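**Student:** These protein sequences, in sequence, are chains V, W, M, O, L, U, J and K.
Counting in the authors' numbering, the first sequence runs without a single skipped number right up to 309 at its last residue.
Counting in the authors' numbering, the second sequence runs without a single skipped number right up to 192 at its last residue.
Counting in the authors' numbering, the third sequence runs without a single skipped number right up to 161 at its last residue.
Counting in the authors' numbering, the fourth sequence runs without a single skipped number right up to 386 at its last residue.
Counting in the authors' numbering, the fifth sequence runs without a single skipped number right up to 298 at its last residue.
Counting in the authors' numbering, the sixth sequence runs without a single skipped number right up to 293 at its last residue.
Counting in the authors' numbering, the seventh sequence runs without a single skipped number right up to 101 at its last residue.
Counting in the authors' numbering, the eighth sequence runs without a single skipped number right up to 280 at its last residue.
All C-beta atoms in this analysis are idealised placements derived from N, C-alpha and C, irrespective of residue type, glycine included.
Here's a structure for you.
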Amino acid sequence: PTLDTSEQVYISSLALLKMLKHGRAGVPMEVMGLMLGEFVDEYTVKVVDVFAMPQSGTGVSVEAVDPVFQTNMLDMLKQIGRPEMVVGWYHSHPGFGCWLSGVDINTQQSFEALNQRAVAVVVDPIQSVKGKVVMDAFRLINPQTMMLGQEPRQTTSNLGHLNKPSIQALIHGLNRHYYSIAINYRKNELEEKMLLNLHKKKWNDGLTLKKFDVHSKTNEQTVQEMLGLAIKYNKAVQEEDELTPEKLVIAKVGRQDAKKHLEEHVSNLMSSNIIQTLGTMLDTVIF
Amino acid sequence: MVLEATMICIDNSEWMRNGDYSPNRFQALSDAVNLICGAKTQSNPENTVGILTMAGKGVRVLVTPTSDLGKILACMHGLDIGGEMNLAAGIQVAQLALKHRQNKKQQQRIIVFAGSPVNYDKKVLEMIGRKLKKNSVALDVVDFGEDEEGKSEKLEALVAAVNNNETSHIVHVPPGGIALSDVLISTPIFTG
Amino acid sequence: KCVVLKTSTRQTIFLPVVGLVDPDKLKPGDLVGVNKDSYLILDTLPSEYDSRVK
Amino acid sequence: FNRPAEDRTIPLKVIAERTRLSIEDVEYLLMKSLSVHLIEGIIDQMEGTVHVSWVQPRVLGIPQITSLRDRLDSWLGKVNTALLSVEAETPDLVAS
Amino acid sequence: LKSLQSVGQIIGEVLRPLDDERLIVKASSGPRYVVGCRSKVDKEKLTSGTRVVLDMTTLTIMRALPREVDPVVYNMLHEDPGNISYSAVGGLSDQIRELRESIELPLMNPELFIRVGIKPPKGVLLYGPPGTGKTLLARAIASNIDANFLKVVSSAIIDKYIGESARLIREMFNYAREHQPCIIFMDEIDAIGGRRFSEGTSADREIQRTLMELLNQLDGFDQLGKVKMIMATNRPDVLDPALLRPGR
Amino acid sequence: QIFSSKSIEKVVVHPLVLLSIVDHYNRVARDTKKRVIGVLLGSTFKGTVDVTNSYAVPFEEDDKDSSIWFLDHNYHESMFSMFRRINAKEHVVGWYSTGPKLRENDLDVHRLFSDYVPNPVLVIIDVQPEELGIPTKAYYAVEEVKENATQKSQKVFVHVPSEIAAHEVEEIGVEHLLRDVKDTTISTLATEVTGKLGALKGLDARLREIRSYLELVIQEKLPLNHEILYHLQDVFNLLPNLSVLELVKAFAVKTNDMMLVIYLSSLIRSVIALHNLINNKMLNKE
Amino acid sequence: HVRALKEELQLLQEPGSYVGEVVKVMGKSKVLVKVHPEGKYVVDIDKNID
Amino acid sequence: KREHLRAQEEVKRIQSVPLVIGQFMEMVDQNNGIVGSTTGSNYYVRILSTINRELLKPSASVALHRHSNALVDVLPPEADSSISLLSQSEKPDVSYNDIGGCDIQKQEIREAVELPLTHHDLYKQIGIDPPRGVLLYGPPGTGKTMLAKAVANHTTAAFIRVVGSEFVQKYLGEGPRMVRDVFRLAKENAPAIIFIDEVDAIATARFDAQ
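Here's what the structure looks like:
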């Protein structure tokens, strides 16, 4: 059996949120843990849940893999009805990207000894930004295969090459000692319904009308701002010569940019006035 | 070893305050309960041991099943003894407390300590035992104290109503200087 | 219980742990050896004044 | 309590006849039952009217329940006509 | 085995925080980036200009440390074991009393001088022909605190570095402000003082700048209270006109 | 001066909690009408309950005898120790229930649980929400002494405001999950009009429900708690007179002023849009 | 516009560009300009510069 | 449209968290610029489209990626010019009547400065172009900073009275950048007045360009 690029790793949304939160908690250093699940098949590895590691006072080493801790936690999880077997481990590289150091590499063999199909995950809490999550999974390339000059895996599928690797990883031994694992996300429909429910504003919030005096004062101030932007813009349109430099205008324009502020201010003024409109009067009808 | 969920149905009626048993019946029962908790925990760390009081203003569940022997000891030390045991309501709340389960795979075992006379009709005990039979709850009855005529027959009838493949036993502890724990050790309660 | 040292390149960095020699072994103004790789003070250079005086 | 909240203005005269009690003393009683935090409101002497912001909420039976039935059916109809107006206005306007 | 598995942290001085988590601090190296701190380091405890360690590899706030120590400061701090007694000192008994009223009388009851209507003495310089032994006077005066005293030869404080000449003086006044009751005596004061610079040397520029920085730190928009400085010089005629002013 | 137990002002429920609870319900109750119960972990500050993390705590309840409910404390205290080891900042704050409605034994669950927390909070989360709103409703037990003598002090669950907020990391993960659906380009009005319309669908339906219950009282099936009928009468009492004449001119004045401000805005947009159209003509001809 | 914006994502990924001021030019596209803090050096020219 | 909404992903990626110091000098064109960096040398990179391009053309404080060294955001002005308006701490609280009457000795000059500062309309309509700056000169030991700190007291403006010897910081050349930062923070703060004490300390006569 040759390890194949068509292998895919599934990490639960709960697992993702757990790694992200736990990494943020210990962003100053590196926090490690284990993923709980099973090996779906020779190509498919699914991950459900993780539990964090109480870390020894060494911020550059993962040499404190306490085994009494794992045994206790596994037994109690079994009592939960979750006998899932550890599928892999994750650790964080805040701002250091996804890659395997000598210490991580050493731990990786140490666990590969137990199970050849262990999955190591790297989560960047910092660069993992609103809309894009920075995480990657890696497993080691047998040094004997490398010394033989052979390709460590057989690729019947092109999925493994979809994500362009990080030049840091190329500096940190990618494809020489180890390789990346393509990541997708298994998402349950109920999880999606509840997730959509999260951002749903209170249906009353539309009812909370702004105080008329304050709203009117904002209108007044924004109108005076439109006056100032208008006069600035009149000068800007008039002073504009036949040879108007677009680059210079981008670098420095009238009042930052009279047109843009005019547009934004009219938009916000309209929105505020007309939402206040809707609020007051749908109250009038129904109350 | 089998995973078991045991709730020690402790009586708090008067008939444990007698000094005839050991030095004190209540103290002897406390020692017996502590030893039972220790033995059950030693059998498996996952075993669950619960506590319930039959007598008083009403049947109260002090410590639903738990393995923290500290909590069990603390609640035994803070017991206010008293009242007339409600064996029917006591067993009903004992079922309530043995359905206090984290691991659904464990078995249900009731340990009943009877120190006072049972003023309950045979029929009510039989229906309660049949409900337990439907719920597949093992019942162990510890009859201790002076054997008034009729209590033993009622307890045996309840055990028969609950007996299911020899999973329910009745233990009669004669009055004497022999500690309750020593007698309970030799009973099938500990051997399983 | 703290370690404070400055590199010979106008760079200052401290280690929460002293290193090979405990603070009882060292004193202020000393000049010792530290790891260029780990940035860890390994040993202590005994002494060397400018060769002009030497 | 008998009056609705829309007519919490009441002449001092009617208060007198219901109380059979004099103008000065009716006003005295009013300011007393407004001072005790029993009531909150205003009183206008020019026409001699009492603008109470004073309304309570308790003590009523099946007949008031049926009256609220009629009122709730009425306001359900009002909401229905509002919603129907919105729905009739939408098609020519959301399709653009 | 586990001790030598860690890495040190770069130390910087904060400039200001831009966001609730964004702060700008210049490390001990140079160009300063903006980084965050641990989520439990009591962000408000990170003073505007505080000295703390950064995640050397990450360059993020990890833990804060007190102000600098300027190892030269220690070198000039606990290097005077003199235990001179006033009995040994002689010939200046009236001078001994005046100097006592010059420095220790102020720390004794400055409220007395205030009730008088004048501020306590700022700084007194000792005038004496060469080989007069004024230095012995200061060595004995060191017998009033023995831990709250400061003595710098005013000639080892010079260096050929870019600007450390003013750095020594800055550290002096800083360490002095750190411990309220203490005096700083700077023998050989006639060296760094001088008269002026006529564009003769390339150090006189820097030397005169160091002299002015000491002048500024003396009574420059700030009074070093609870501490006065006594200096000695053999040649009071080569003293700069400013150092002889009532403020210095 | 008896109520020295800080009243729970509000509860903030974060996504991770809801996701964990939903996964628990699915694993334990995908194909059964059994509810799943658990324990809520976090910190309470200034009357606000921060429900940071939660874990599965297996639950049974007999489909025949609702009074009987299988939950045990061994794993509960074990997880308290283990999680607190992992994260010492957190501590137990409550126990959550996955269902649409409360049950009587929720009270004894709350009693047993309060031994671990003097002020525990019961949160009911509907794993399959049908209503448009927050899927969480917060509760805490209050010993209400009814003015009737014949009844002993009864512990009654009192609703507390519940809110959903996501940490920066949780917010990041949520948007990463919700990109295929969520809307940020909605001009604020579309949102506000939609919310007002949903609220109108709410209040009128609530009036109709009160009317249904009033017809119920008329038939003589269901009575009512004096307090809630009091509240309905209060709502009716505070009804302002929509036919207030000076108040009508007040409407007219505000309407004129706001709409002429909008008239300003439309004029200015005319100015800028026509300017840009002329510039477009210039760029097209050149 | 969106494709561009996603292109700027990698645009900001590549290393920046240093500033140069050629003190002396040499035939066949040879350049020795003043590095900001460093100095000068011998290099070649680009493909589309006169 | 649903994808171009992801055009906040570019913002998120760019901003990151570990951003470094910088300085805006000029741009070759849109999405193209050459910056002024604290590293003493200069590098030219592209811009971060997700920003107000019209921020500060003359000079500012921008970021740069640890590797790319490119602006991804711009923070507020933060320098070592110190808290100029330190309220009571940096307030001399000196009776205007300082060391002698000085009724025309320096009082009239200070009054002219205050007229250019507060009566701006007056030094404006007349068209008299009030003086630019005040550089005190006189015999050593007139209470050197006496009159100046006096101005700091009766004035409604924030004060920055820096010693002309603090300009030579440790790092090479950083002194000029700080000096620029002095005037930058002064202009930025408010209608305030700063002091540059011991001007000769930085104001020399001959230099040794070796």
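1) Among V/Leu-181, V/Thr-299, V/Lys-152, V/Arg-198, whose alpha-carbon lies nearest the alpha-carbon of V/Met-168?
2) Cα separation between M/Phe-121 and V/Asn-206?
3) Using a Cβ-Cβ cut-off of 6 Å (strictly less than) and excluding sequence neighbours within five positions of K/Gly-213, which residues of its own chain qualify?
4) Am I right that O/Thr-299 and O/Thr-339 are in contact with their C-beta atoms under 8 Å? What's the rounded C-beta distance?
5) In this structure, what does DSSP give as the bridge partners for K/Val-115?
6) Residues in the same chain with beta-carbon distance under 6 Å from L/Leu-264, minus the five sequence neighbours each way, listed in chain order, please.
7) Quick one: what's V/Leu-38 bridged to in DSSP?
8) Grab me the residues of L/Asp-209's own chain with a C-beta within less than 7 Å of its C-beta, minus the 5 sequence neighbours each way, in chain order.
9) Reducing DSSP to helix, strand and coil, say where V/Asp-71 ends up.
10) May I have the straight-line CA-CA distance separating U/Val-200 from V/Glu-247, to the nearest angstrom?
11) How would you call V/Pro-147, buried or exposed, if buried means at least 16 neighbouring beta carbons within 10 angstroms?
12) Closer than 9 Å by beta-carbon distance: list the chain L residues that pair up with M/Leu-122, in chain order.
13) Taking contact to mean 3 or more Cβ pairs, one atom from each stretch, closer than 8 Å, check whether the segment 279–299 of chain V and the segment 51–64 of chain W are in contact.
14) Between V/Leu-284, V/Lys-233, V/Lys-257, V/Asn-290, which lies nearest to U/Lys-261 when the distance is taken from Cα to Cα?
15) Under 8 Å Cβ-Cβ, which residues of chain K neighbour V/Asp-227?
16) Quick one: give me the first and last residue of the alpha helix (DSSP H) that V/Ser-294 is part of.
17) Going by alpha carbons, who is nearest to L/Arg-285 out of L/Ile-134, L/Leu-96, L/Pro-81, L/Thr-182?
18) Does chain U have any CB closer than 8 Å to the CB of O/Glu-296?
19) From what residue to what residue does the beta strand (DSSP E) around V/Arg-208 run?
20) How about W/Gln-27: is its C-beta nearer than 8 Å to some C-beta of chain V?
21) Any chance the segment 170–180 of chain W sits against the segment 136–151 of chain W, with 3 or more Cβ pairs inside 8 Å?
22) From which residue to which residue does the beta strand (DSSP E) around U/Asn-60 run?
23) Going by C-alpha to C-alpha distance, which of L/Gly-213, L/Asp-287, L/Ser-53, L/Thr-100 sits closest to V/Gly-79?
24) For the beta strand (DSSP E) containing V/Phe-160, name the first residue and the last one.
25) Evaluate contact between the segment 197–204 of chain K and the segment 271–287 of chain L, counting only Cβ atoms and requiring at least three cross-stretch pairs below 8 Å.
26) Return the residue from the list U/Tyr-220, U/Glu-150, U/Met-266 that minimises the CA-CA distance to U/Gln-158.
27) What residues from chain U crowd round W/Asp-68, counting only those whose CB sits closer than 7 Å?
28) Find the residues of chain U that neighbour V/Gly-301, judging by a C-beta separation of less than 8 Å, and give them in chain order.
29) Shorter than 8 Å from the beta carbon of K/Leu-118 to some beta carbon of chain J?
30) Count Cβ pairs between the segment 77–90 of chain U and the segment 21–32 of chain U that sit closer than 8 Å; are there 3 or more?
31) May I have a chain-ordered list of the alpha helix (DSSP H) segments no shorter than 4 residues that lie completely inside the segment 126–179 of chain W?
32) Output the distance between the C-alpha atoms of W/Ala-89 and U/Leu-221, rounded to the nearest integer angstrom.
33) Do you know whose CA, among K/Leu-155, K/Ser-138, K/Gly-243, lies nearest K/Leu-89's CA?
34) Given a threshold of 16 other Cβ atoms within 10 Å of its Cβ, counted over all protein chains shown, does W/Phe-190 qualify as buried or as exposed?
35) Measuring CA to CA, which of L/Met-262, L/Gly-58, L/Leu-142, L/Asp-269 is closest to L/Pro-171?
36) Can you pull the DSSP bridge partners for V/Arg-139?
**Tutor:** So, from the listed chains and residues:
1) Within the first sequence, the letter at position 146 stands for residue 168 of chain V. Of V/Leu-181, V/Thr-299, V/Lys-152, V/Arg-198, the residue nearest in Cα terms is V/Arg-198.
2) The residue given as residue 121 of chain M occupies position 14 in the third sequence. The residue given as residue 206 of chain V occupies position 184 in the first sequence. One C-alpha to the other measures close to 42 Å.
3) The sequence position of residue 213 of chain K within the eighth sequence is 143, counting from 1. The residues are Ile-169.
4) Counting from one through the fourth sequence, the residue named residue 299 of chain O turns up at place 9. Counting from one through the fourth sequence, the residue named residue 339 of chain O turns up at place 49. The pair is a contact, with the Cβ atoms about 5 Å apart (cut-off 8 Å).
5) Residue 115 of chain K sits at position 45 when you count from the first residue of the eighth sequence. K/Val-115 is bridged to K/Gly-103.
6) Against the fifth sequence, residue 264 of chain L aligns to sequence position 214. Cβ neighbours of L/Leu-264 beyond the five flanking positions: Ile-219.
7) Here residue 38 of chain V is taken as the residue at index 16 of the first sequence, counted from 1. V/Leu-38 pairs with nothing; no bridge assigned.
8) Start at 1 with the first residue of the fifth sequence, and residue 209 of chain L comes out as number 159. Taken in chain order, the residues that qualify are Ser-215.
9) Along the first sequence, read from residue 1 onward, the residue named residue 71 of chain V stands at position 49. Strand, per DSSP.
10) On the sixth sequence, position 193 is the one that residue 200 of chain U refers to. On the first sequence, position 225 is the one that residue 247 of chain V refers to. Their backbone Cα atoms lie some 27 Å apart in a straight line.
11) On the first sequence, residue 147 of chain V is found 125 positions in, with the first residue counted as 1. Buried is the call here.
12) As a working mapping, residue 122 of chain M is identified with position 15 in the third sequence. Ordered by position in chain L, the residues that pass the 9 Å Cβ test against M/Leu-122 are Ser-56, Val-57, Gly-58, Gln-59.
13) no
14) Working through the sixth sequence from its first residue, we reach residue 261 of chain U at position 254. For the residues V/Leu-284, V/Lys-233, V/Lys-257, V/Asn-290, the minimum Cα distance to U/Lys-261 belongs to V/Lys-233.
15) Along the first sequence, read from residue 1 onward, the residue named residue 227 of chain V stands at position 205. Per Cβ cutoff of 8 Å: no residues; V/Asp-227 is ~22 Å from chain K at best.
16) As a working mapping, residue 294 of chain V is identified with position 272 in the first sequence. Unbroken alpha helix (DSSP H) run through V/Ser-294: 280–308.
17) Counting from one through the fifth sequence, the residue named residue 285 of chain L turns up at place 235. Answer by Cα proximity: L/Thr-182.
18) Working through the fourth sequence from its first residue, we reach residue 296 of chain O at position 6. For O/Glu-296, the answer is yes, since a Cβ of chain U falls inside 8 Å of its Cβ.
19) Translated into positions along the first sequence, residue 208 of chain V becomes position 186. Here V/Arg-208 belongs to no beta strand (DSSP E), and DSSP marks it neither H nor E.
20) Here residue 27 of chain W corresponds to residue number 27 of the second sequence, with the count starting at 1. No, W/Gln-27 does not count as interfacial toward chain V.
21) yes
22) As a first step, residue 60 of chain U is located in the sixth sequence; it is residue number 53 there, counting from the start. 55–64 is the extent of the beta strand (DSSP E) around U/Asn-60.
23) Taking the first residue of the first sequence as 1, we reach residue 79 of chain V at position 57. Per the Cα distances, L/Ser-53.
24) Within the first sequence, the letter at position 138 stands for residue 160 of chain V. Start and end: 157–162.
25) no
26) On the sixth sequence, position 151 is the one that residue 158 of chain U refers to. Here the closest residue by C-alpha is U/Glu-150.
27) Residue mapping note: residue 68 of chain W aligns to position 68 of the second sequence, counting from 1. Here the neighbours are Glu-84.
28) Counting from 1 along the first sequence, the entry for residue 301 of chain V is found at position 279. Neighbours of V/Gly-301 on chain U, chain order: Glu-199, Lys-203.
29) Position 48 of the eighth sequence, counted from the first residue, corresponds to residue 118 of chain K. Closer than 8 Å: yes.
30) The segment 77–90 of chain U, when compared against the segment 21–32 of chain U, does not touch it at the 8 Å Cβ threshold.
31) Taking only runs of at least 4 residues, the alpha helix (DSSP H) segments lying wholly in the segment 126–179 of chain W are 151–162.
32) Within the second sequence, numbered from 1, the residue matching residue 89 of chain W stands at position 89. Within the sixth sequence, numbered from 1, the residue matching residue 221 of chain U stands at position 214. W/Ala-89 and U/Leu-221: Cα-Cα distance of roughly 40 Å.
33) Counting from one through the eighth sequence, the residue named residue 89 of chain K turns up at place 19. With distances taken between Cα atoms, K/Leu-89 lies closest to K/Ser-138.
34) Position 190 of the second sequence holds residue 190 of chain W. W/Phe-190 should be labelled exposed.
35) If you number the fifth sequence from 1, residue 171 of chain L lands on position 121. Ranked by Cα distance from L/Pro-171, the first of L/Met-262, L/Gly-58, L/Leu-142, L/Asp-269 is L/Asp-269.
36) Within the first sequence, residue 139 of chain V is the residue found at index 117, counting from 1. DSSP lists no partner for V/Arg-139.
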